[PDB]
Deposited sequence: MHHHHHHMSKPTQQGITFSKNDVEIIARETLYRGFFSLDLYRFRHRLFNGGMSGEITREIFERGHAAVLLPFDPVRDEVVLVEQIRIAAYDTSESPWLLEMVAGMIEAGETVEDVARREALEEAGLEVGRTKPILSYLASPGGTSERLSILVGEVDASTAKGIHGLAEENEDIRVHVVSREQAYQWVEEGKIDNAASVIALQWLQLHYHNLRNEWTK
C-alpha cells in the first residue's frame, strides 16, 4: 500500500516508533543514574537523530491512602524527607503510606504490608486510585496508589489522624504538598461520597 496516501491510514506513536540504541549506568549506589541513547519518530514523518538523556532510576512504588469510611478520616504518616529542605519551611512531611515494589511483588501486597509496618494499620478492602509517573522528564519512577479501608481509631515515623476535610484543606493551603498525597487526597475529595456508601453497606 505504498501508493496509498498518508491520510488513508490520543497519543500518536508507540514503542515501535522509538529505538533505544544504548543504556549505560553512570552512577550506582542506593539509586542509579542511567544514560539512555535513542532515536524516535517525529510528528512530521521522519526519524530523529540520536538523543541522549539522563534518567534517575530508583525503582517503583506502591502507595496507600488509609481512609476510614465510618469516621470520614484519613491516616497520615510524618517523617523527615531531607530533599524537601531547600524549598519547604520544614523537611518533615505528612504523607501516604508507601514502599518500593520488589521483583514479583504486587502493588496490593506491598501497600498492605507497609500500612501495617509504618502506621500499624490493618487494611480491609482496597480499590485502585491511579498509577502515575512522578516526573518523567528526569526519572522513571512510577507510583501506584490504592485507597485502603481502615479503622482510624486503631492508629522514625509518627502517625496522625485527621478528618478528610482537614486533610484536603491542608492540600489547598500547601501544608500537604507531596505528589502522592496531593493526588490521593484530590481523588478522595472527588470520590469520597460514593466510597463511603460502598464501604459502609
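Engineer: Missing C-alpha coordinates: which residue stretches of the deposited sequence does that apply to?
Structural biologist: Unobserved in coordinates, per deposited numbering: 10 to 14, 161 to 171.
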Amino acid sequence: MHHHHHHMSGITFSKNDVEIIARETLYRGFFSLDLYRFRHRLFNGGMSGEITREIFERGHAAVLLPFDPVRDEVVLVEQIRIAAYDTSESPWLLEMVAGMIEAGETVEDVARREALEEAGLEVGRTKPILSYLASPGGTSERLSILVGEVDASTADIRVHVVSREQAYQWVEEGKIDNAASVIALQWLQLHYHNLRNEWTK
From here on, numbers count along this sequence of modelled residues.
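For the two forms, the rigid core is made up of the largest set of C-alpha atoms that agree within 1.5 Å on superposition.
Engineer: Core-superposed in 9 other deposited structures of this protein, which stretch deviates more in Cα positions, 14 to 22 or 175 to 183?
Structural biologist: Taking the RMS over all superposed structures in 9 other deposited structures of this protein, 14 to 22 lies farther out.
Engineer: Once everything is fitted on the core, do the CA positions of 41 to 49 or those of 57 to 65 lie farther from the shown form in 9 other deposited structures of this protein?
Structural biologist: Between the two stretches, 41 to 49 moves farther in 9 other deposited structures of this protein.
Engineer: Between 162 to 170 and 137 to 145, name whichever shows the higher mean Cα B factor according to the PDB entry.
Structural biologist: Stretch with the higher mean C-alpha B-factor: 162 to 170.
Engineer: Would 100 to 108 or 73 to 81 have the larger average of its C-alpha temperature factors, as given in the entry?
Structural biologist: According to the PDB entry, the answer is 100 to 108.
Engineer: Tell me, please, which of 50, 57, 54, 68 has the highest C-alpha B factor according to the deposited entry?
Structural biologist: Spelled out: the listed residue with the top C-alpha B-factor is 50.
Engineer: Should residue 177 be placed in the lowest, middle or highest third of its chain by the C-alpha B factor in the entry?
Structural biologist: It falls in the bottom third of the chain.
Engineer: Lowest, middle or highest third: where is residue 12 by C-alpha B factor in its chain?
Structural biologist: Residue 12: CA B-factor falls in the middle third of its chain.
Engineer: Which third, lowest, middle or highest, does the CA B-factor of residue 63 fall in along this chain?
Structural biologist: Lowest third - that is where residue 63 ends up once the chain's C-alpha B-factors are sorted.
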